[PDB]
Structure formats: structure tokens, C-alpha cells
Amino acid sequence: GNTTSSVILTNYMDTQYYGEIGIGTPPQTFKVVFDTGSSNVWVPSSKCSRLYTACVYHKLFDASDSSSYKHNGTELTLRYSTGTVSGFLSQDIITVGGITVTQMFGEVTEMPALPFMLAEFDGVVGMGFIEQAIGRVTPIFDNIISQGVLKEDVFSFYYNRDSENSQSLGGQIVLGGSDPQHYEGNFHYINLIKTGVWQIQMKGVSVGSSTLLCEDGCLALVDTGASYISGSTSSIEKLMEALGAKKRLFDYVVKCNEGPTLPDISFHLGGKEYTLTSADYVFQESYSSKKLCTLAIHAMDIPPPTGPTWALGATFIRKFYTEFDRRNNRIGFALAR
Ligand SMILES: COCCCC[C@@](O)(c1ccccc1-c1ccccc1)[C@@H]1CCCN(C(=O)[C@H]2C[C@@H](N)[C@@H](O)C2)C1
Ligand SMILES: *[C@@H]1O[C@H](CO)[C@@H](O[C@@H]2O[C@H](CO)[C@@H](O)[C@H](O)[C@H]2NC(C)=O)[C@H](O)[C@H]1NC(C)=O
């Protein structure tokens, strides 16, 4: 086909990127994270008890207001590093961009306050493989591919730095392509280790000149769902020591004045060095030697089979425009802009 649709994304604080979808006839809109590290679709359900405050504070899908709704009702449970969500399956039509797909999704009836009380978004749309879908539900992208409408069986992500401007575009995703308004040059493509996970090999991780980490190779997941770059607790501890970074209950910090002179961090992928300066990795609120500044890196030990792995989140994606290629099982990187 020729279709290459686009969805605009909202950037909240540089930690949440999300966009709109519509479910049903007439369409009920939701804000969703597009997550390459998961494969399922869910939104909150009108059936969610208001005993869950998250279901109070977020938008709820009402099956009964939709003509295209088809009952299934099979129980679903989804696990994330943080929250666990529960519900049942429903089928309805979902619009992304200009594309309309009949999809199977979870309607969530149990949403914990941690973490969804902290979400600026309603639900998630997983962009991962069926291999990782809970319940073996066909994921939304596969269904689109089935539709046979995209130009190329790929999708791409642009993530932006948060701006004060109203005009400024927080993010964009493209279905079936990439937008070259947002990258310079040509893509460098790295093959997936295997189909079913958006994960690739990483040669090393460098703090400065010296090759400190993942020195004998490691794994890299390219995760649009993730805010920060993540590594193993061991990998991260050492990298953090290398920066003189300090550990706090939620985050890693440096004195706000010392951030600019921190060493670059390079990720070696596909034979090329992908480099983030401290300007990419410190949230520099002030430059006071008196204040402490957050780094956008943290530890997350992701268990097997996917882990241990690094996850390359928005901190990375902000620098590098990312093309996810379903046909060729490759991920492409280009310089964002
Ligand atoms: C760029 O947009 C980021 C959106 C926010 C992601 C997130 O920051 C978040 C913040 C506040 C409330 C909820 C959630 C959140 C929680 C669960 C699922 C989706 C979003 C997540 C915090 C927990 C760890 N981290 C992930 O493991 C990630 C791993 C990834 N695969 C996802 O499934 C979750 C990201
Ligand atoms: C909801 O989806 C489930 C899971 O895909 C359906 O269960 C399957 O239905 C087919 C076709 O009738 C059976 O042959 C399979 O063996 C079933 N799978 C399992 C795991 O039980 C279910 O039928 C659908 N429900 C409704 C109400 O439409």
C-alpha cells in the first residue's frame, strides 16, 4: 500500500511521551504510551471500581457506548517492572493516525496508584512482538500489517526535548516510515538478535576514553516505553561511581554545577559509537553547586528471558531517531532533529 500515517506525541517533563488513540464507534479517545518493550494494548475500563483512584483520575473505556464492540471477557493480567494491571479482553476498532484496525485489547479493572496515579497517560499500546504478548493476543502492529496498507512494514519514533513553547512538537510516531524532517543523514541499521524482541547486541559502554562496561558485550533493548536509560544494577553502580554520582531514594544525582563537565557516555552498537554528552543526560535545573541534579539513567534489572539487558529509553531516543523495522528485523538509528 501507500499509507504512511503519523501520530503526534506529547512530552511531559521529558519522562512521558504519549499520543492519542480512539476506541469504538463513536471513538473514545485515550492517551497511550507507545511501548516497544511490551506487546499488549490496554486502557482503563468503565468497569474499574473507583476504589482505584487511578480509574478515577484517568479516562475510562465504556463498551456499551460503542457499536463496534465485541465481547470476549477473558481475563488478562499484565506485569511491568512497576505496576501490575488486570482486566479482561474486548474487541473494538482502534484508530491510530489514519489507520483503523480491529483490535483485541485489555480493559483494565484493577489499576494501582503506584504507578498510574503518576501517569499523565491513560493506557499503553505495546509495539512489541507477539512472542511477548500476554495471552498470545495479536499485537496492534501485526494487525495493521495484515491490513496491507503501509508503504513499508516499519515504524519510527521521534522524541523531543521539552519546551516552554506551545508550538514545539513533543514527539512523533510514524506508521510505515520515517519522517526526514526529524533526522539527518541516513540510517545505520542493526539487526535484531532474534525476532520477537526489539533487542540488539551491544559491544561496550564507555565512560570517556576508557571502556568501562559491557566490555565483553551485552544486550540492548530499544524501549520507547522507558524514560531513562537502564542497566544492570552492577553495570549502573560502576558507571555511577565513574561519574561521582550519588544515590538517593528515587534517583541518581550530581551537584547541579558539576554536570556539564561530566564525561560522555558512549554506547557501542552496530560497530559505531553512539554518544551522549552530559547535556543529553543531566536534567540541569540550575547550575548551583548547592543543588543536586538528576541523571536520566537508573538501574533496572530485567529478568530472563529478556534480561539481563540495557534498555535504551527516551534519554537515548531523544538523540537518535529510531526506525523499527518489522520486515527486515532491524533497528535503524539516525541523528534526531
Ligand atoms: C517515554 O514514555 C515513558 C512513559 C512513562 C514510563 C514510566 O516512566 C512511567 C511513569 C509514570 C507512570 C507510569 C509509567 C509506566 C509504568 C508501567 C508501564 C508504562 C508506563 C515507567 C516507570 C517504571 C519503569 N519504566 C518501565 O519499566 C517502562 C519499560 C517500558 N517497556 C514500559 O513498559 C514501562 C518506565
Ligand atoms: C475470546 O478469545 C479467546 C482466546 O483467543 C477465544 O477462545 C478460543 O476460541 C477458539 C474459536 O472458537 C477456540 O477454538 C480456541 O480453542 C479458544 N482458545 C482458548 C485458549 O480457549 C474465545 O472464543 C473468544 N471469546 C468470545 C466470546 O468471542
Side-chain angles (χ1 to χ4, degrees), residues 1-7 33-41 96-97 99 101 103 124-134 136-159 172-180 182-183 185-204 214 217-226 229-230 267-274 302 304-314 316-317 319-336:
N2 224 36
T3 301
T4 274
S5 93
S6 124
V7 197
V33 185
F34 303 89
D35 189 6
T36 55
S38 58
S39 321
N40 285 87
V41 189
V96 210
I99 300 190
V101 77
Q103 172 79 23
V124 356
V125 166
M127 302 300 291
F129 295 82
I130 197 155
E131 277 86 336
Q132 272 188 147
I134 297 300
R136 354 177 268 253
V137 186
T138 306
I140 192 169
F141 200 64
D142 299 55
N143 274 336
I144 291 197
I145 282 166
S146 276
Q147 265 205 28
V149 303
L150 331 155
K151 238 243 150 165
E152 287 324 329
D153 288 354
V154 300
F155 56 94
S156 43
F157 267 84
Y158 167 64
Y159 273 178
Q172 180 187 77
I173 160 180
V174 184
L175 295 194
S178 293
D179 187 9
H182 295 294
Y183 68 90
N186 309 278
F187 280 117
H188 168 222
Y189 286 104
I190 306 134
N191 294 164
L192 309 180
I193 291 165
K194 83 245 210 208
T195 187
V197 38
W198 287 115
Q199 194 181 220
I200 66 184
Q201 280 186 291
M202 180 138 82
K203 287 80 245 174
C214 158
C218 60
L219 276 214
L221 178 68
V222 200
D223 209 342
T224 65
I229 286 155
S230 85
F267 294 97
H268 311 277
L269 314 143
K272 224 83 147 243
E273 240 195 342
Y274 280 79
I302 304 174
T306 328
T309 188
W310 289 78
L312 300 184
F316 197 100
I317 301 164
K319 206 155 189 185
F320 304 106
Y321 187 105
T322 309
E323 200 192 69
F324 295 92
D325 190 337
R326 284 294 305 278
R327 185 180 302 281
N328 301 124
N329 281 312
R330 38 192 216 161
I331 284 171
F333 298 117
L335 247 215

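Residues take their numbers from the sequence shown, with the count starting at 1.
The backbone N or O of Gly126 sits nowhere less than 3.5 Å from a side-chain atom of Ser38 that would complete a donor-acceptor pair. When atom types are taken as modelled, the side chain of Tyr159 and the backbone of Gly313 share no donor-acceptor pair closer than 3.5 angstrom. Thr322 places no side-chain N or O within 3.5 Å of a backbone atom of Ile317 that could act as its donor or acceptor partner.
Applying the ring pair (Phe, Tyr, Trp, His ring centres under 6.0 Å) rule to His268 yields no partners; only residues at least two apart in sequence or on another chain are considered. Scored by the side chain to side chain contact (heavy atoms under 4.5 Å, CB included) test, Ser39 finds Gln132, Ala133, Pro139 as partners (sequence neighbours excluded). For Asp153, the salt bridge (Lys or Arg N to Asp or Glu O under 4.0 Å) partners are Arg327, not counting sequence neighbours. For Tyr321, the side chain to side chain donor-acceptor pair (under 3.5 Å) partners at least two apart in sequence or on another chain are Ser156. When the side chain to side chain donor-acceptor pair (under 3.5 Å) test is applied to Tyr274, the partners found at least two apart in sequence or on another chain are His188. Partners of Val154 by side chain to side chain contact (heavy atoms under 4.5 Å, CB included), not counting sequence neighbours, listed by chain and number: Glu152, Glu323, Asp325. Here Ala220 pairs with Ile200, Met202, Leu269 under the side chain to side chain contact (heavy atoms under 4.5 Å, CB included) rule; sequence neighbours left out. Residues meeting the salt bridge (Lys or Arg N to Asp or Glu O under 4.0 Å) test with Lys319, sequence neighbours left out: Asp280.
Interatomic distance, OG1 of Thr4 versus CG of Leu175, reported as 8.5 Å (0.5 Å rounding). Atom CZ of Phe320 sits about 13.5 Å away from atom CD1 of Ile331, to the nearest 0.5 Å. The OG1 atom of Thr195 sits 11.5 Å away from the CG atom of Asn328 when rounded to the nearest 0.5 Å. Put simply, CG on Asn329 and CD1 on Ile190 are 13.5 Å apart, with the number rounded to the nearest 0.5 Å. Annotation: the span from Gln172 atom CD to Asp179 atom CG amounts to 5.0 Å, rounded to 0.5 Å. Between the CZ atom of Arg330 and the CG atom of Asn191 there is a distance of 7.5 Å, given to the nearest 0.5 Å.
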Does the pair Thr224 and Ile173 meet the rule for a side chain to side chain contact (heavy atoms under 4.5 Å, CB included), with working shown? CA-CA 11 Å; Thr224 65; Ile173 160 180; over 6 Å; no

Would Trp310 and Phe267 count as a side chain to side chain contact (heavy atoms under 4.5 Å, CB included) here? Give the steps. CA-CA 10 Å; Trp310 289 78; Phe267 294 97; 4.2 Å; yes

Assess whether side chain to side chain contact (heavy atoms under 4.5 Å, CB included) is satisfied between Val197 and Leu221, documenting all intermediate values. CA-CA 8 Å; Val197 38; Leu221 178 68; 3.8 Å; yes

Dump the intermediate steps for side chain to side chain contact (heavy atoms under 4.5 Å, CB included) on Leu192 and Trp198, then the final yes or no. CA-CA 7 Å; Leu192 309 180; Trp198 287 115; 3.7 Å; yes

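By the 4.5 Å heavy-atom criterion applied to side chains, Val125 and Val96 are not counted as neighbours.
The minimum heavy-atom distance between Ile302 and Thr306, with the atom names listed, is CG2-CB, 4.3 Å. Residues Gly97 and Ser5 come closest through the heavy atom pair CA-OG, 3.8 Å. When all heavy atoms of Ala334 and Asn186 are compared, the pair lying nearest together is CB-O, 4.2 Å. When all heavy atoms of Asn40 and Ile134 are compared, the pair lying nearest together is OD1-N, 2.9 Å.
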Please tabulate, for the side chains in residues 141-151, all donor-acceptor contacts under 3.5 angstrom to protein atoms that are two or more places apart in sequence or on a different chain.
unit_1, atom_1, unit_2, atom_2, d
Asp142, OD1, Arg326, NH1, 3.4
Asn143, ND2, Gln103, OE1, 2.7
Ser146, OG, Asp142, O, 3.3
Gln147, NE2, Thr100, O, 2.2

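Classified by interplanar angle (parallel below 30°, tilted 30° to 60°, perpendicular above 60°), the ring pair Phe324/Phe157 is perpendicular.
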